[PDB]
Amino acid sequence: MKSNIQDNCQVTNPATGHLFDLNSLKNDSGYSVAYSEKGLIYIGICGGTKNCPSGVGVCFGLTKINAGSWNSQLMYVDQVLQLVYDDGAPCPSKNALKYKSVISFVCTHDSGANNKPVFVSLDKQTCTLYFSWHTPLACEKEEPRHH
């Protein structure tokens, strides 16, 4: 029961047993997420990118702020795959936590894509970069218990 937070960038759905994988989104090409103010935030998914440092999962482009350090901690929570890139750079903005990125992987009916990581919200309470990621892999073609 409950999400399988494994460090191999995968999560097995406790409802179906369908293992989820974001390793397919691992490219050094890197990702970007236009930030609301005047920059974007680069993303790497459980792997190294050239657009963000290896060891850095998510990093702002503006002033190069690691918004969440490298993690492969994948979960399946609220029908959404979620990576919590925590313990990033120090956040002196509002609260004194560190930057953390929560990329919420939202099912998209596409075929094995990432589409685009979208910046949905920022949390100034726990300096948490909320990302909306529409990925087909977060979608289950696998039928659940009550289908």
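Calculation criteria
Residues numbered from 1 in each chain as written, not as in the entry; some residues may be left out. Heavy atoms only, no water. Helix = DSSP H or I, 4+ residues; strand = E, 2+ residues; numbered from the N terminus. Contact = heavy atoms within 4.5 Å. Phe/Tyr/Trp six-rings, centres within 6.5 Å; stacked < 30°, edge-to-face > 60°.

Solution NMR is the method the PDB entry lists for this structure.

Concerning the environment of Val-118
Residue position: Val-118 is located in strand β10 (residues 117–123). Separated by 15 residues in the primary sequence, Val-118 and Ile-103 have C-alpha atoms spaced 9.1 Å apart. Setting aside residues up to four positions removed in sequence, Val-118 forms contacts with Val-33, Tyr-130, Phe-131 and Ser-132.

With respect to the packing of aromatic side chains
Following the criterion strictly, the structure yields seven aromatic pairs and no others. Their ring planes at 55° and their centres at 4.9 Å tell us that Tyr-31 and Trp-133 sit as a pair that is tilted. On the criterion of sequence distance, the pair formed by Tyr-31 in strand β3 (residues 31–35) and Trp-133 in strand β11 (residues 128–135) is long-range, its members being 102 residues apart. The structure contains a cluster of three or more aromatic residues connected by ring pairs, namely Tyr-35, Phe-60, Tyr-99, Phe-119 and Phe-131.

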